[PDB]
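What follows is a single structure, written as structure tokens, with notes after it.
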Amino acid sequence: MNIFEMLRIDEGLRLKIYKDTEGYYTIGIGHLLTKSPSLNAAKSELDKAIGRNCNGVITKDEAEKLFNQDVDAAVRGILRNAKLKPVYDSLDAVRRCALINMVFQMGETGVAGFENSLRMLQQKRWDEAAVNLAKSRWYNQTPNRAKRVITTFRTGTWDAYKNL
Numbered sequence: 001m002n003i004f005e006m007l008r009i010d011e012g013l014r015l016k017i018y019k020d021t022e023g024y025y026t027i028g029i030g031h032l033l034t035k036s037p038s039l040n041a042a043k044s045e046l047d048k049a050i051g052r053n054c055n056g057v058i059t060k061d062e063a064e065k066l067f068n069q070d071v072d073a074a075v076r077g078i079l080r081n082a083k084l085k086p087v088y089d090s091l092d093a094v095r096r097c098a099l100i101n102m103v104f105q106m107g108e109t110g111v112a113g114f115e116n117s118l119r120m121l122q123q124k125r126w127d128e129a130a131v132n133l134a135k136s137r138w139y140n141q142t143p144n145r146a147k148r149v150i151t152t153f154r155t156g157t158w159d160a161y162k163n164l
């Protein structure tokens with residue numbers, strides 16, 4: 001299993017503009033288009049992102065291209081972030097995937113907001129950190145996905161996804 005397959009499981013793939021769990025306009029593999037209520041603002045952003053007149057729809061190829069860009073940007077973001085980089089560097093390969101997953105869903109800023117949990121991960125206090133991560137809006141809003149990520153940090157294996 002790898003970051004791409006993990007994220008493809010968590011986000012799904014949709015080839016027509018859709019609304020995410022928060023109600024925002026998204027397309028592909030969790031690619032947020034805009035937080036704006038306008039489907040028109042969304043269709044404009046989409047065309048700008050793809051470089052063609054899409055009319056709210058894209059091909060598999062376009063979805064994957066967007067996905068490659070987003071995972072890349074998430075990774076580069078972590079490495080440039082002063083709060084995030086040290087944590088990332090301290091982790092093993094599977095757990096690194098869990099942090100990337102959080103960053104892709106919630107942005108750098110958002111994850112950087114989990115101060116206490118980050119400190120516990122850096123310390124390698126797995127169980128403690130899993131309990132702390134669960135005390136967030138994130139966990140209450142998307143509990144099954146949060147649980148999968150949480151189990152990933154807790155165990156350092158892909159068991160939560162080997163099911164799926």
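Numbering (the deposited numbering), first residue to last: 1 to 164. Think of the CB as a built atom: it goes at the ideal place given N, C-alpha and C, for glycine as much as any other residue.
Around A146, the same chain offers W138 and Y139 as residues with beta carbons nearer than 7 Å, after the five sequence neighbours per side are excluded.
In the three-state reduction of the DSSP assignment, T34 falls in the strand class, which pools E and B. DSSP places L15 in the uninterrupted beta strand (DSSP E) bounded by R14 to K19. For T59, there is no enclosing beta strand (DSSP E), as DSSP gives it neither H nor E.
The beta-carbon distance between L33 and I17, rounded to whole angstroms, is 7 Å. This is short enough to meet the 8 Å contact definition.
Cβ neighbours of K162 within its own chain (closer than 8 Å, five residues either side excluded): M1.
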